[PDB]
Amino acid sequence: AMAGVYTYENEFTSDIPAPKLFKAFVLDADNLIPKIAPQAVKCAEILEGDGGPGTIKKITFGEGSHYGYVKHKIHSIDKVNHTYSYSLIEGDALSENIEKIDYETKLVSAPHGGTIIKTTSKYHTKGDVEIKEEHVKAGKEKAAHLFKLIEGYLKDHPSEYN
């Protein structure tokens, strides 16, 4: 049975400077996200580990989830370089034919003072590979919205994540 890896890059941009964002979005996601999108994210909970490399998180969704949750395994976190890698491993985007999805995200400092969020997504496939543009671009939008909500919030809370 054919094993393979579908790979998809995209970027977003943001006014928020890289480090604030990293603290908010990566480092306190568990807390900050449910606060600002309770429609779409009920809860977030660490099943195992500190929360560094090797941790397993269950994230629990509200409306607009096929399965109503995911689990993530954190592969790495680099606070100094502002990068993050993990793997979706059980739940929402997966199936018999998509064993796993890997994300790696690099925040980079744009011109001038702002940020560029670079994400690379890696679909570990089994068997024939059908991966619909929809399911993928639908995903882009979800994340794009979510980052927009973070910008907005953080701009309304400048005493935070400094």
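Sequential numbering from 1, following the sequence displayed.
K.L.:
Between 130 to 138 and 107 to 115, which has the higher average C-alpha B-factor in the PDB entry?
P.N.:
The deposited B-factors put 107 to 115 ahead on the C-alpha mean.
K.L.:
If you average the CA temperature factors as listed in the entry, which stretch comes out higher, 22 to 30 or 46 to 54?
P.N.:
In the deposited entry, the stretch with the higher C-alpha B-factor mean is 46 to 54.
K.L.:
Going by the recorded CA B-factors, say which third of the chain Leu149 sits in, lowest, middle or highest.
P.N.:
It belongs to the lowest third of the chain when residues are ordered by C-alpha B-factor.
K.L.:
Would you mind checking where the Cα B-factor of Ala40 ranks among the modelled residues of its chain, as the lowest, middle or highest third?
P.N.:
For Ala40, the deposited C-alpha B-factor lands in the highest third.
K.L.:
Going by what the PDB entry lists, where does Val5 fall on CA B-factor within its chain: lowest, middle or highest third?
P.N.:
It belongs to the lowest third of the chain when residues are ordered by C-alpha B-factor.
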